[PDB]
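Everything on this sheet refers to the single structure shown next.
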Amino acid sequence: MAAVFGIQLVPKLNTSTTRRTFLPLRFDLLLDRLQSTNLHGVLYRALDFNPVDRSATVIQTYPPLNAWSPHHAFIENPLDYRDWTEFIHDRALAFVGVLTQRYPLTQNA
């Protein structure tokens, strides 16, 4: 311990004991998540600078959304965070419908 290169550690060790189990992906639950309107604090951790009606830095995408990359730069960045909210709300909304076309809840729950 302690003098780890130029990183001074503490005299005290500390651990955590309990960890959670990896719970499955309910179809219902995604349908619900895809339905998010106020997305900002749902399928991602989104940073905005609200006071002057402006964006911050980083939309930290979750699952879903985790399959963004292939051509991300091609897409270019939207005008603001607030604006990006909308857009992917929109598009997501379109997508949920696609899924449903092929899979009926009633049947698939």
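Identifiers in this document derive from the order of the structure tokens: chains are assigned A, B, ..., residues are numbered from 1 separately in each chain, and ligands are numbered from 1 in order of occurrence.
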
Q: Determine which residues of chain A receive a DSSP assignment of strand (DSSP E or B), computed from the backbone, and state them as a PyMOL selection string.
A: chain A and resi 3-4+7-8+44-49+54-62+65

Could you write out that same residue set with N, CA, C and O atoms as a compact mmCIF listing (two decimals), in the first residue's frame?
```txt
# COMPACT_ATOMS: atom_id res chain seq x y z
N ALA A 3 2.60 4.31 -0.49
CA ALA A 3 3.30 5.09 -1.50
C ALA A 3 3.41 4.33 -2.82
O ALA A 3 4.37 3.57 -2.90
N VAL A 4 2.34 4.48 -3.60
CA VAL A 4 2.14 3.81 -4.87
C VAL A 4 2.45 4.77 -6.01
O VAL A 4 1.56 5.51 -6.42
N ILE A 7 1.04 8.32 -5.89
CA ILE A 7 -0.30 8.16 -5.36
C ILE A 7 -0.32 7.59 -3.95
O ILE A 7 0.08 6.48 -3.60
N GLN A 8 -0.42 8.58 -3.07
CA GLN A 8 -0.53 8.33 -1.65
C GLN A 8 -1.90 7.80 -1.25
O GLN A 8 -2.87 8.54 -1.34
N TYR A 44 -29.94 7.00 -20.52
CA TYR A 44 -28.71 7.77 -20.60
C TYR A 44 -28.43 8.70 -19.43
O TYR A 44 -29.30 8.96 -18.61
N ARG A 45 -27.16 9.08 -19.28
CA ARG A 45 -26.98 10.15 -18.32
C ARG A 45 -26.53 11.45 -18.98
O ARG A 45 -25.35 11.64 -19.26
N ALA A 46 -27.56 12.23 -19.27
CA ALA A 46 -27.38 13.49 -19.94
C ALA A 46 -27.05 14.86 -19.35
O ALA A 46 -27.78 15.32 -18.47
N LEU A 47 -25.89 15.36 -19.77
CA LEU A 47 -25.50 16.67 -19.30
C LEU A 47 -25.81 17.96 -20.06
O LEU A 47 -25.07 18.24 -21.00
N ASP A 48 -26.59 18.81 -19.40
CA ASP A 48 -27.09 20.10 -19.84
C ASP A 48 -26.78 21.23 -18.88
O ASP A 48 -27.01 21.08 -17.68
N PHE A 49 -26.56 22.44 -19.41
CA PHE A 49 -26.44 23.69 -18.71
C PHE A 49 -27.68 24.54 -18.94
O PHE A 49 -27.65 25.55 -19.64
N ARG A 54 -29.12 26.06 -22.61
CA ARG A 54 -28.03 25.39 -23.30
C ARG A 54 -27.58 24.04 -22.77
O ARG A 54 -27.89 23.57 -21.68
N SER A 55 -27.00 23.32 -23.73
CA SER A 55 -26.40 22.00 -23.60
C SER A 55 -25.12 22.04 -22.77
O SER A 55 -24.50 23.11 -22.71
N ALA A 56 -24.92 20.92 -22.09
CA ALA A 56 -23.57 20.68 -21.61
C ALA A 56 -22.67 19.84 -22.49
O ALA A 56 -22.88 19.97 -23.69
N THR A 57 -22.28 18.63 -22.08
CA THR A 57 -21.16 17.91 -22.65
C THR A 57 -21.46 16.56 -23.26
O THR A 57 -20.88 16.22 -24.29
N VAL A 58 -22.13 15.73 -22.46
CA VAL A 58 -22.15 14.30 -22.72
C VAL A 58 -23.40 13.50 -22.38
O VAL A 58 -24.05 13.81 -21.38
N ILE A 59 -23.90 12.87 -23.44
CA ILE A 59 -25.01 11.97 -23.28
C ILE A 59 -24.38 10.59 -23.13
O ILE A 59 -23.85 10.02 -24.08
N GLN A 60 -24.41 10.14 -21.87
CA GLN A 60 -23.90 8.81 -21.64
C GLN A 60 -24.89 7.67 -21.81
O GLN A 60 -25.55 7.20 -20.88
N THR A 61 -24.99 7.27 -23.09
CA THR A 61 -25.88 6.22 -23.52
C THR A 61 -25.94 4.86 -22.83
O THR A 61 -24.89 4.40 -22.36
N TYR A 62 -27.13 4.31 -22.61
CA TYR A 62 -27.27 3.08 -21.86
C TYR A 62 -27.83 2.00 -22.80
O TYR A 62 -27.69 2.09 -24.01
N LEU A 65 -29.49 1.96 -26.65
CA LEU A 65 -28.64 2.99 -27.20
C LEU A 65 -27.15 2.71 -27.34
O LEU A 65 -26.51 3.12 -28.31
```

Q.
Need to verify the contact set: residue 28 of chain A, 9 Å, only C-alpha atoms, exclusion of same-chain residues closer than 2 positions in sequence. Can you return it as a PyMOL selection string?
A. chain A and resi 25-26+30-33+105+108-109

**Q.** Residues flagged alpha helix (DSSP H) by DSSP in chain A, as number ranges by chain
**A.** A: 27-34, 81-102, 105-108

Q) What gap, in Å, lies between atom CA of residue 67 of chain A and atom CA of residue 20 of chain A? A) 24.6 Å

Set the distance at 10 Å and use only C-alpha atoms: which residues neighbour residue 87 of chain A once local chain neighbours fewer than 6 positions away are removed? I'd like the list as a PDB file with C-alpha atoms, in the first residue's frame.
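The new file part21.pdb reads:
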```pdb
ATOM      1  CA  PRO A  78     -27.431  18.369 -32.905  1.00  0.00           C
ATOM      2  CA  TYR A  81     -28.894  18.763 -25.751  1.00  0.00           C
ATOM      3  CA  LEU A  93     -41.105   6.408 -30.806  1.00  0.00           C
TER       4      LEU A  93
END
```

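Here atom CA of residue 69 of chain A and atom CA of residue 29 of chain A stand 24.6 Å from one another.
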